[PDB]
Amino acid sequence: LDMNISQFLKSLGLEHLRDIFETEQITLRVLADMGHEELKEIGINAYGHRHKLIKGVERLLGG
């Protein structure tokens, strides 16, 4: 799922996190279960980035 995940990242303006998501093989299904502690674990060190992603999945899969 690098198709919807890079489109998702681009939508949040977090295109630079692509390499992490590819390396760690993170799909949107994987991401949907990840909170702050899990994203810290894969190298997303900025609170604001993790916040953007977490809220980003909520909008995407709850609307």
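Residues that are in contact with a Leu (Cβ under 8 Å, 6 or more places away or on another chain), part of a helix (DSSP H, G or I) and either more than 22 Å from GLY62 (Cα to Cα) or of a type outside the set (D, E, K, R) (or both) within the range 6-44 comprise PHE8, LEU9, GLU15, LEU17, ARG18, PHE21, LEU28, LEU31, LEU39, listed in sequence order.
Looking at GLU22, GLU58, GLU38, which one is of a type in the set (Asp, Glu), at negative phi and in contact with an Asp or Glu (Cβ under 9 Å, 6 or more places away or on another chain)? Before the answer, list the steps.
Numbers: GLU58 fails: in contact with an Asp or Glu (Cβ under 9 Å, 6 or more places away or on another chain); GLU38 fails: in contact with an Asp or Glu (Cβ under 9 Å, 6 or more places away or on another chain).
Result: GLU22 is the single residue among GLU22, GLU58, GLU38 that is of a type in the set (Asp, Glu), at negative phi and in contact with an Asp or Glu (Cβ under 9 Å, 6 or more places away or on another chain).
Count, please, the residues in the range 54-63 that happen to be touching a helix residue (DSSP H, G or I) at 6+ places or on another chain (Cβ under 9 Å) and either surrounded by 13 or more Cβ atoms within 10 Å (Cβ to Cβ) or not in a helix (DSSP H, G or I) (or both). Number of matching residues: 4.
When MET3 is tested against the conditions (1) among the aliphatic types (A, V, I, L, M); (2) free of Cβ contacts under 8 Å to residues at least 12 places away in the same chain; (3) in a loop (DSSP other than H, G, I, E, B), the lone failure is (3).
Let's see how each residue does on (1) aliphatic (A, V, I, L, M); (2) surrounded by 11 or more Cβ atoms within 10 Å (Cβ to Cβ); (3) touching a helix residue (DSSP H, G or I) at 6+ places or on another chain (Cβ under 8 Å):
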position	(1), (2), (3)
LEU1	yes, yes, yes
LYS10	no, yes, no
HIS16	no, no, no
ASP19	no, no, no
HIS36	no, yes, yes
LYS52	no, yes, no
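Close Cβ contacts (under 8 Å, 6 or more residues apart or on different chains) running from residues in the range 38-49 that are among the β-branched types (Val, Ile, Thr) to residues that are surrounded by 11 or more Cβ atoms within 10 Å (Cβ to Cβ) and in a helix (DSSP H, G or I) comprise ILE42/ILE20; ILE44/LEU17; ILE44/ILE20; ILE44/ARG50; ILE44/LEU53.
Positions of Cβ are generated from backbone atoms using ideal geometry, with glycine treated the same way; all protein chains shown enter the neighbour counts. A short reminder: the numbers here are calculations on the coordinates, not readings from a lab.
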